[PDB]
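Next up: a single chain in structure tokens, the form deposited in one PDB entry.
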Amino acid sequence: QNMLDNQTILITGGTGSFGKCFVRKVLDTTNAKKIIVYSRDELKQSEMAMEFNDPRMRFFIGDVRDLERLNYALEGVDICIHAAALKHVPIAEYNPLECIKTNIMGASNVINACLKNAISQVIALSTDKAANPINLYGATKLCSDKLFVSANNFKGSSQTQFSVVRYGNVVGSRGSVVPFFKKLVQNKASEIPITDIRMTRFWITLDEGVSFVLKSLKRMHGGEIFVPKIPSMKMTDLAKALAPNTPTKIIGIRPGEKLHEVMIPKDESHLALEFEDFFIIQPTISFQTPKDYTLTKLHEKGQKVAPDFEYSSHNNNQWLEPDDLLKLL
């Protein structure tokens, strides 16, 4: 109970959606000694510092592309949550090397810095877009995930543990559908923009993911890809609940966009382990000091899966009717 007290925590990209929520959640429910925000923008950092005004907060201006900076930033840290990233899919397609340096090289430097300072546990934030990806963004994340899982071999001094938490779309996420679908029904417009008519997506909220990351910390062994069992949803209904009775047009599919987001690839189901509310995709490689992922640090037992499993926002065992959506801003 409370396996995070007196710990110093560093979170890259702490000024973002997840970052701000996660930090709030840690200051409010744990006796963590210190929380360090690591990000580049001075504007967002000065405002987040006023927004929080907490003595246990520390802010480091820095780029994850900068190995030397991370080395100093992680000095004394026990836990690192890595959320820094360039996630705008269509912008990543026009600015590929940018997305690559931040997400892939960024992951490398963070891993490097965490080993040098002997951090204890590291959780990297992945995305559903990183499974059987088609867009660059998702490919960088897949590479990112691979680096973090692979980092569990290096048994130098202390044994830093690296795990990955993968989930998708976050409701109302700044710049997402909800925010725009809230400016449509609102600012009179008799036509709701729609890409496809079969378009669906996994949906989870900021707080759910945050809470999920914390629980993942409490049970990780290191090497896991944690996937939460979340409900699917068709964009048609997100345009009915968040849009009473208004017509809809069609602008076709956007760049490197899927119709359905995979969560647990059919090609890797033989590695997945089911649990009551989450999954564990085991390493596709073998470590020197292997672990049994069937028994979390929280004794939660895991079951294997059908050799033809494919967790997708398409064949999910649960959905969310319109009215449910409205039950959240």
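Here the rigid core means the biggest group of C-alpha atoms that line up within 1.5 Å when the two forms are laid on top of each other. Note that residue numbering begins at 1 and tracks the sequence as displayed.
Per-stretch averaging of Cα B factors for 26-34 and 61-69 places 26-34 on top.
Looking at 136-144 and 217-225 together, the entry lists the larger mean B-factor for 217-225, computed on C-alpha atoms.
Based on the entry's C-alpha B-factors, the most elevated value among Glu191, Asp128, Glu75, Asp78 belongs to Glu191. Take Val164, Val89, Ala107, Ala243 and read off each C-alpha B-factor from the entry; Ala243 has the highest. Among the modelled residues of the chain, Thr296 sits in the middle third by CA temperature factor in this PDB entry. Annotation for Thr160: C-alpha temperature factor in the middle third relative to the rest of the modelled chain, per the entry. For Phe181, the recorded CA B-factor ranks within the highest third of the chain. Only modelled residues enter the ranking.
Per the PDB record, residue ranking by Cα B-factor puts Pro255 in the highest third of the chain.
Per the PDB record, residue ranking by Cα B-factor puts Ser39 in the lowest third of the chain.
Beyond the structure shown, there is the form deposited in another entry, which is absent from this document and is the topic of what follows.
Core superposition between the shown form and the other one leaves every listed residue (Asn95, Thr236, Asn112, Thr248) with a C-alpha shift below 2 angstroms except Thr248. Taking 2 Å as the criterion, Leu259 does not count as shifted between the shown form and the other one: its C-alpha moves by less than this amount when the rigid core is aligned. After superposition on the rigid core, displacement of the C-alpha of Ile134 between the shown form and the other one stays below 2 Å. Core-superposed comparison between the shown form and the other one: the CA of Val210 stays below a 2 Å shift.
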